[PDB]
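Step one of this worksheet: look at the structure below.
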Amino acid sequence: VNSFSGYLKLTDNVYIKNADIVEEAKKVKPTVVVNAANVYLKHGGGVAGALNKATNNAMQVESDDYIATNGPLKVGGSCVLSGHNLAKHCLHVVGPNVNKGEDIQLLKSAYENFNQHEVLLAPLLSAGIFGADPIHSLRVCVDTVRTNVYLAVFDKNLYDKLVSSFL
Ligand SMILES: CC[C@H](CO)Nc1ncnc2[nH]ccc12
Ligand SMILES: [Cl-]
């Protein structure tokens, strides 16, 4: 039993809700919130910009030190950093950005990072401003993640399409 509320159950382990991931994280304070990151951990817009803003830019400051030490992530890769005021940890995961020409096949590799954590609050990887088909992202999530994932879909209209079209 966990403190996530109002989710629709899609499979044994995948749940979904129309919600703002920032407001969800502040309410639940999950062990792990997933950020839709880029390789430079530059949290400018989309989910990343919103999460970072909610941390008063502390996420960006921590991220800049991480990059200065370790260099960029790989597309499909991840790193664990602080969750600041939002969660215990933030798992920064880089899905392929179609608006940069990156290989959508890397989306499965990106979701594999979730399997290292028993429970996660997450957005749909490569959706929104990353330019991939969200229906496809949800399918890859369900077919790749085996741990317990609580998906927050910001756009109510898109949420309804994802539910109604889910196989
Ligand atoms: C990734 C595509 C979805 C479509 O809604 N984007 C989001 N989902 C949940 N929380 C969010 N916070 C800011 C953006 C955002
Ligand atoms: Cl987005």
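Scheme for the structure tokens: letters A, B, ... for chains in order shown; per-chain residue numbers from 1; ligand numbers from 1 in order shown.
Pocket residues of ligand 2, taken as those with any atom at most 7 Å away using only C-alpha atoms and all ligand atoms, are residues 46, 47, 127, 128, 129 and 130 of chain A.
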At a cut-off of 7 Å around ligand 1, and using only C-alpha atoms and all ligand atoms, what residues come up? Please write them as a tab-separated table (two decimals) with C-alpha atoms, in the first residue's frame.
chain	number	residue	atom	x	y	z
A	19	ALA	CA	-2.26	15.53	-12.99
A	20	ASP	CA	0.48	18.14	-12.72
A	21	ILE	CA	3.57	16.15	-11.71
A	22	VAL	CA	4.86	19.10	-9.66
A	46	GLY	CA	8.45	20.98	-20.15
A	47	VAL	CA	8.45	18.77	-17.08
A	50	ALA	CA	8.48	22.90	-14.08
A	123	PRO	CA	5.80	11.52	-16.81
A	124	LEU	CA	5.59	9.83	-20.21
A	125	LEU	CA	9.12	9.84	-21.61
A	126	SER	CA	9.70	11.66	-24.91
A	127	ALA	CA	6.15	13.10	-24.83
A	128	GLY	CA	5.28	16.79	-24.89
A	152	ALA	CA	1.10	11.81	-14.43
A	153	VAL	CA	-0.29	13.19	-17.71
A	154	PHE	CA	-0.62	16.98	-17.54
A	155	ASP	CA	-3.01	17.48	-20.48
A	158	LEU	CA	-4.38	13.77	-23.96
- request: Mind the document's chain letters and residue numbers, and return as a PyMOL selection string the residues of segment 36-156 of chain A that DSSP labels helix (DSSP H, G or I).
  value: chain A and resi 46-54+58-70+98-100+106-116+128-130+134-144+156
Convert the current residue selection to file output with N, CA and C atoms, as a short mmCIF file (atom, residue, chain, number, x, y, z; two decimals), in the first residue's frame.
data_model
loop_
_atom_site.label_atom_id
_atom_site.label_comp_id
_atom_site.auth_asym_id
_atom_site.auth_seq_id
_atom_site.Cartn_x
_atom_site.Cartn_y
_atom_site.Cartn_z
N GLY A 46 9.11 22.25 -20.36
CA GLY A 46 8.45 20.98 -20.15
C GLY A 46 8.45 20.60 -18.69
N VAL A 47 8.40 19.29 -18.45
CA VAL A 47 8.45 18.77 -17.08
C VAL A 47 9.68 19.27 -16.35
N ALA A 48 10.85 19.22 -17.00
CA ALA A 48 12.09 19.60 -16.34
C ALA A 48 12.06 21.04 -15.86
N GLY A 49 11.62 21.96 -16.73
CA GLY A 49 11.53 23.34 -16.32
C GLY A 49 10.58 23.52 -15.15
N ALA A 50 9.46 22.79 -15.16
CA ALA A 50 8.48 22.90 -14.08
C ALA A 50 9.03 22.33 -12.77
N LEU A 51 9.63 21.15 -12.80
CA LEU A 51 10.23 20.60 -11.58
C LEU A 51 11.29 21.54 -11.04
N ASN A 52 12.18 22.01 -11.91
CA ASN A 52 13.27 22.85 -11.43
C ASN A 52 12.73 24.13 -10.79
N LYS A 53 11.72 24.75 -11.42
CA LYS A 53 11.12 25.95 -10.87
C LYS A 53 10.57 25.70 -9.47
N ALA A 54 9.94 24.54 -9.27
CA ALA A 54 9.39 24.21 -7.96
C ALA A 54 10.46 24.03 -6.90
N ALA A 58 17.22 24.98 -7.24
CA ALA A 58 18.22 24.13 -6.60
C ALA A 58 18.52 22.90 -7.45
N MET A 59 17.53 22.37 -8.15
CA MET A 59 17.78 21.24 -9.05
C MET A 59 18.81 21.61 -10.12
N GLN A 60 18.68 22.81 -10.71
CA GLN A 60 19.64 23.23 -11.73
C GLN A 60 21.04 23.40 -11.16
N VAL A 61 21.16 24.01 -9.97
CA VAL A 61 22.47 24.20 -9.35
C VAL A 61 23.15 22.85 -9.12
N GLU A 62 22.40 21.88 -8.56
CA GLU A 62 22.95 20.55 -8.33
C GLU A 62 23.33 19.89 -9.65
N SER A 63 22.48 20.06 -10.67
CA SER A 63 22.72 19.45 -11.97
C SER A 63 23.97 20.01 -12.63
N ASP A 64 24.20 21.32 -12.51
CA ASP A 64 25.38 21.92 -13.13
C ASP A 64 26.66 21.36 -12.52
N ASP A 65 26.66 21.14 -11.21
CA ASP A 65 27.81 20.50 -10.57
C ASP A 65 27.97 19.06 -11.06
N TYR A 66 26.86 18.33 -11.21
CA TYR A 66 26.94 16.95 -11.72
C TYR A 66 27.59 16.91 -13.10
N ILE A 67 27.16 17.81 -14.00
CA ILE A 67 27.71 17.82 -15.36
C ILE A 67 29.17 18.24 -15.35
N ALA A 68 29.52 19.23 -14.54
CA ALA A 68 30.91 19.66 -14.47
C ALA A 68 31.83 18.53 -14.04
N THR A 69 31.35 17.63 -13.19
CA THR A 69 32.15 16.50 -12.73
C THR A 69 32.13 15.33 -13.71
N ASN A 70 30.96 15.01 -14.27
CA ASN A 70 30.75 13.74 -14.96
C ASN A 70 30.55 13.85 -16.46
N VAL A 98 12.65 13.73 -30.47
CA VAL A 98 12.39 13.67 -31.91
C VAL A 98 12.67 15.00 -32.58
N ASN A 99 12.44 16.11 -31.87
CA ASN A 99 12.73 17.41 -32.45
C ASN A 99 14.23 17.68 -32.57
N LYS A 100 15.08 16.75 -32.13
CA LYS A 100 16.52 16.79 -32.37
C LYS A 100 16.99 15.69 -33.31
N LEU A 106 15.50 4.33 -28.80
CA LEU A 106 16.13 4.55 -27.51
C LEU A 106 15.11 4.77 -26.40
N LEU A 107 13.82 4.90 -26.73
CA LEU A 107 12.81 5.10 -25.70
C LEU A 107 12.72 3.88 -24.78
N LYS A 108 12.86 2.68 -25.33
CA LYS A 108 12.83 1.50 -24.48
C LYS A 108 13.99 1.51 -23.49
N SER A 109 15.19 1.83 -23.98
CA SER A 109 16.35 1.93 -23.09
C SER A 109 16.11 2.95 -21.98
N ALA A 110 15.49 4.09 -22.32
CA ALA A 110 15.19 5.10 -21.31
C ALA A 110 14.28 4.54 -20.22
N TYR A 111 13.20 3.85 -20.61
CA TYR A 111 12.29 3.29 -19.63
C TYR A 111 12.93 2.19 -18.79
N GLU A 112 13.93 1.47 -19.33
CA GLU A 112 14.60 0.43 -18.54
C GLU A 112 15.20 0.99 -17.25
N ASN A 113 15.58 2.27 -17.24
CA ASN A 113 16.10 2.86 -16.01
C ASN A 113 15.10 2.77 -14.86
N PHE A 114 13.79 2.79 -15.17
CA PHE A 114 12.79 2.75 -14.10
C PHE A 114 12.88 1.45 -13.31
N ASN A 115 13.37 0.37 -13.93
CA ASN A 115 13.37 -0.94 -13.27
C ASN A 115 14.34 -1.02 -12.11
N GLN A 116 15.21 -0.02 -11.95
CA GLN A 116 16.12 0.02 -10.82
C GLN A 116 15.47 0.60 -9.56
N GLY A 128 5.23 15.34 -24.96
CA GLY A 128 5.28 16.79 -24.89
C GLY A 128 6.32 17.35 -25.84
N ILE A 129 7.12 18.30 -25.33
CA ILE A 129 8.08 19.01 -26.17
C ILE A 129 9.22 18.14 -26.68
N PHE A 130 9.33 16.88 -26.23
CA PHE A 130 10.27 15.95 -26.84
C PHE A 130 9.74 15.34 -28.14
N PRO A 134 2.67 10.23 -27.68
CA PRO A 134 2.45 9.77 -26.29
C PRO A 134 1.79 8.41 -26.19
N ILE A 135 0.91 8.05 -27.13
CA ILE A 135 0.34 6.71 -27.14
C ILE A 135 1.45 5.67 -27.26
N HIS A 136 2.43 5.94 -28.12
CA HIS A 136 3.57 5.05 -28.23
C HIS A 136 4.38 5.03 -26.93
N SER A 137 4.61 6.20 -26.32
CA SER A 137 5.37 6.21 -25.08
C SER A 137 4.69 5.37 -24.00
N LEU A 138 3.36 5.46 -23.88
CA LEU A 138 2.66 4.67 -22.88
C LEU A 138 2.80 3.18 -23.16
N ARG A 139 2.73 2.79 -24.44
CA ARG A 139 2.88 1.39 -24.81
C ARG A 139 4.27 0.88 -24.43
N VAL A 140 5.31 1.64 -24.76
CA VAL A 140 6.67 1.23 -24.40
C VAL A 140 6.80 1.14 -22.88
N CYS A 141 6.24 2.10 -22.16
CA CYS A 141 6.28 2.05 -20.70
C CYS A 141 5.70 0.74 -20.19
N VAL A 142 4.49 0.40 -20.63
CA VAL A 142 3.81 -0.79 -20.13
C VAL A 142 4.59 -2.05 -20.49
N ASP A 143 5.21 -2.06 -21.67
CA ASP A 143 5.93 -3.24 -22.14
C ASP A 143 7.38 -3.31 -21.67
N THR A 144 7.86 -2.32 -20.91
CA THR A 144 9.26 -2.27 -20.49
C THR A 144 9.41 -2.21 -18.98
N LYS A 156 -5.32 17.12 -19.81
CA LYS A 156 -6.53 16.32 -19.59
C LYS A 156 -7.02 15.71 -20.90
#
Note to self: as a ChimeraX atom specification, please: every residue in segment 71-100 of chain A that a backbone DSSP assignment puts in strand (DSSP E or B).
What the structure shows: /A:78-82,89-93
Would you save the residues from that selection as an mmCIF file, in the first residue's frame, using N, CA and C atoms?
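Below is the file part.cif, written as the result:
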data_model
loop_
_atom_site.group_PDB
_atom_site.id
_atom_site.type_symbol
_atom_site.label_atom_id
_atom_site.label_comp_id
_atom_site.auth_asym_id
_atom_site.auth_seq_id
_atom_site.Cartn_x
_atom_site.Cartn_y
_atom_site.Cartn_z
ATOM 1 N N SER A 78 20.457 7.781 -17.529
ATOM 2 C CA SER A 78 19.866 8.414 -16.360
ATOM 3 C C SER A 78 20.932 8.663 -15.306
ATOM 4 N N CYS A 79 20.569 9.494 -14.332
ATOM 5 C CA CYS A 79 21.329 9.604 -13.096
ATOM 6 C C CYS A 79 20.362 9.895 -11.956
ATOM 7 N N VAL A 80 20.755 9.509 -10.747
ATOM 8 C CA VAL A 80 19.989 9.773 -9.538
ATOM 9 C C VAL A 80 20.593 10.976 -8.832
ATOM 10 N N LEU A 81 19.779 12.001 -8.614
ATOM 11 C CA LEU A 81 20.164 13.179 -7.854
ATOM 12 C C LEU A 81 19.123 13.413 -6.762
ATOM 13 N N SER A 82 19.285 14.511 -6.022
ATOM 14 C CA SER A 82 18.335 14.817 -4.964
ATOM 15 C C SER A 82 16.944 15.114 -5.525
ATOM 16 N N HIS A 89 14.433 11.364 -3.985
ATOM 17 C CA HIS A 89 15.362 11.330 -5.093
ATOM 18 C C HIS A 89 14.657 11.783 -6.357
ATOM 19 N N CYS A 90 15.436 12.346 -7.270
ATOM 20 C CA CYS A 90 14.990 12.568 -8.638
ATOM 21 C C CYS A 90 15.816 11.696 -9.574
ATOM 22 N N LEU A 91 15.135 10.838 -10.337
ATOM 23 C CA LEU A 91 15.767 10.059 -11.397
ATOM 24 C C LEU A 91 15.635 10.861 -12.685
ATOM 25 N N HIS A 92 16.744 11.445 -13.139
ATOM 26 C CA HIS A 92 16.771 12.210 -14.383
ATOM 27 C C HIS A 92 16.970 11.221 -15.519
ATOM 28 N N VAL A 93 15.974 11.073 -16.395
ATOM 29 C CA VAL A 93 16.006 10.090 -17.478
ATOM 30 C C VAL A 93 15.924 10.828 -18.803
#
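Reported to one decimal place, the separation of atom CA of residue 32 of chain A from atom CA of residue 5 of chain A is 16.1 Å.
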